């Protein structure tokens, strides 16, 4: 049995960030990875999604070209061109990630790890055993898909993994779900020319976001040509002569339910959540606790129920974002190898951007969460809605909406929510201010930058 100071199972965002910081602190560390270094972020997530988002953004600016004084463009998009370049960039990052590990003197162990039944926690990979006093599980997640028993033909649909294998633009797309991936993917496909429907169980997308965002985002999808099918769910999927036929039930409250078939569908995309990757770890051999979905249960320091075993990232099922996995991983390394007993990630005030069109930025509490926490007499909100001056000269319009949620007599800024051109790059600095405990006076006494969209946040009344 080979002993290390730190053994990390999974070479994605959280595992790599933790292993790298531990190694800097002198730990002899090893990372086990069964597939590609960089994990979801690099291979089938953040990075290739952002490339496609930039592509979809080009398409929108193509629409405004004539408005801005140029000749209009015909613009038949070639999916194969950008796909090849996107894959090449992913390959470059895979190589960079490997180099980063080698330079940090971290051993890479290739294969699938599972725990053994040995007294002290030990893993096996390809018949060889490894142990350490500290073992991090950072195995991430995978897309959730319906069971064929519940939805016949569900396996004819793809997930976000399959989206990145597509080699041509689907003519007709149906996306099912109402969260991050559904919104981003519908925006990409629609902007690039697919006839796109988004099928959602209720009346709005992103229902866990502030109501102003959920409402505005649903409107913006419609305005961009996405057909939003409300109160609708898939009943069955059949392979026909010319693509898939999707049977759906629409059940609007106060009406009779109605069944419709959607013919000639080229791509059906399930975007209904993620499930943790823990089934094949043999967690039961050590009695590591999981919830009913398979997430590893941790305390505020990322400890599992077993001494010397930790978990970070998507596998724990909380705030499923690349930078959260990285920050939790790094804080854990400082606790273990720098002996900072109080080193942990604060899960409050995590900012997030949804790469819709226009993009959404949010940090902190929604108006409803604030009312629940502080009481309705203690919450004040300020908001504005305007058309960005980019569109002063265009026939196409998008809106910018911004809301600030303040609490108590001082009007501490407890939440900021916005959607609009530029909001993807606008949010980070406001999130620092929110984290520091800014009040509305702190915003108001900062001098504006003009003419920008961002200055509206410091001049709310």
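Superpose the two forms; the largest set of C-alphas matching within 1.5 Å is the rigid core. Positions refer to the first chain, counted from 1.
Could you say which moves further from this form in 8 other deposited structures of this protein, stretch 67 to 75 or stretch 269 to 277, by root mean square CA distance after aligning on the core? Checking 67 to 75 against 269 to 277 in 8 other deposited structures of this protein, I find the farther stretch is 67 to 75.
Give the stretch, out of 380 to 388 and 254 to 262, with the larger mean C-alpha temperature factor in the deposited entry. Higher of the two, by average CA B-factor, is 254 to 262.
Is the mean CA B factor in the deposited entry higher across 115 to 123 or across 222 to 230? Comparing averages over the C-alpha atoms only gives 115 to 123.
Sort 423, 30, 413, 62 by C-alpha B-factor from the entry and give me just the highest. Answer for 423, 30, 413, 62: 62, with the highest C-alpha B-factor.
Between 408, 394, 43, 398, which one tops the list for C-alpha B-factor in the PDB entry? Highest CA B-factor of the listed options: 408.
Third of chain Cα B-factors occupied by residue 19: Its C-alpha B-factor belongs to the highest third of this chain's values.
Based on the entry's values, in what third of the chain does the Cα temperature factor of residue 435 lie: lowest, middle or highest? According to the entry, residue 435 has a C-alpha B-factor in the chain's highest third.
Hey, what third does residue 8 fall into on Cα B-factor, ranked over its chain? For residue 8, the deposited C-alpha B-factor lands in the lowest third.
Split the chain's modelled residues into thirds by Cα B-factor; is residue 80 in the lowest, middle or highest one? As the PDB entry reports it, the C-alpha B-factor of residue 80 lands in the highest third of its chain.
Third of the chain's Cα B-factor distribution that residue 50 belongs to, per the entry: Lowest third of the chain for residue 50's C-alpha B-factor.
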